[PDB]
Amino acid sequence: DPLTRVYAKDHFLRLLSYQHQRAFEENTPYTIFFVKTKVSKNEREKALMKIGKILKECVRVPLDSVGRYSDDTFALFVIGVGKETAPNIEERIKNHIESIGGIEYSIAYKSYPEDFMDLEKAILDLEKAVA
C-alpha cells in the first residue's frame, strides 16, 4: 500500500533520479528534504517511526517519496514544489517535530532548478547540511 510505503536508500534514489529526469523534461520544479535525527541510541527506534510518519504526511501525489537514507537520516522529495513553497513545507515538518518535543534533529532542503540542476551535487550538499 503506497500510503504506508517507505523506500530503502537505493530504491529511493532510483525513484529520485527518475523524477529528476521527468522534472527536466516537463519544466517542473521539485524539492528534496533531508532530516537527520540526533538522539540517543535507545530513543532512535521511537523517533524513526515518528519522523517517518511526519514526512509521509508531506506526500501529496503517489510519485512523492520518503526514503530511509541512512540509519538516522530520512529523505523526501515532493514534486511541483519550488523555492516559493519549499519553506512552508519545511516549517510544517519542524512544527510536527516540535509538537512531539524532545527530538534533536537537523533539516535541510534543495529545490530544483533554482538551488541546483546537478542531482549528485544537491545530494552531497544535503548530506553535509544535516551531518
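One rule holds for the numbers: they count along the sequence shown, beginning at 1.
Is the mean CA B factor in the deposited entry higher across 2 to 10 or across 122 to 130?
Averaged over C-alpha atoms, the B-factors run higher in 2 to 10.
Would you tell me which stretch averages the higher CA B-factor in the PDB entry, 30 to 38 or 101 to 109?
Comparing 30 to 38 with 101 to 109, the higher mean C-alpha B-factor belongs to 101 to 109.
From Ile93, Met49, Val59, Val81, pick the one with the largest CA B-factor in the entry?
So the option with the highest C-alpha B-factor is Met49.
Which third, lowest, middle or highest, does the C-alpha temperature factor of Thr85 belong to within its own chain?
Its C-alpha B-factor belongs to the highest third of this chain's values.
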